[PDB]
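Consider the single chain below, provided in structure tokens and representing the form deposited in one PDB entry.
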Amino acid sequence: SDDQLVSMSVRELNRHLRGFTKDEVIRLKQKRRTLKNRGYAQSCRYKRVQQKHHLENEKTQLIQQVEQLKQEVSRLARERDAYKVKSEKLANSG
């Protein structure tokens, strides 16, 4: 209360609450519920920020992948053109 109450367990809890005032059995469970909800919000906020960075990282790595392929296209264009000229210049061999 409030730190051994969230960390405490489903049975262990009911062991510590066996003869408890039946209106304070409800109050303590309400209290713990609320404290956990606070921790869920903390995860939810956290998960959101992690997904956001993950999405932006994916965007970055697609951008640099495009860049790689841009470099290859230009190499291959040149290599093809080296042969196309070579090919055409032989064909005028006459």
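Just so we're on the same page, rigid core means the largest C-alpha set that superposes within 1.5 Å between forms. Note that residue numbering begins at 1 and tracks the sequence as displayed.
Enquirer: On mean Cα temperature factor in this entry, is 24 to 32 or 40 to 48 the higher one?
Expert: Of 40 to 48 and 24 to 32, the stretch with the higher C-alpha B-factor average is 24 to 32.
Enquirer: Should the higher mean CA B-factor in the entry be assigned to 11 to 19 or to 68 to 76?
Expert: Averaged over C-alpha atoms, the B-factors run higher in 11 to 19.
Here the subject shifts to the form deposited in another entry, a form of this protein not shown in this document.
Enquirer: For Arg80, decide whether the Cα shift between this form and the one not shown is 2 Å or greater, given a superposition on the rigid core.
Expert: For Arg80, whose C-alpha is compared between this form and the one not shown after core superposition, the shift is less than 2 Å.
Enquirer: Checking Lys70 here: with the core superposed, does its CA move 2 Å or more between this form and the one not shown?
Expert: After core superposition, the C-alpha of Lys70 moves less than 2 Å between this form and the one not shown.
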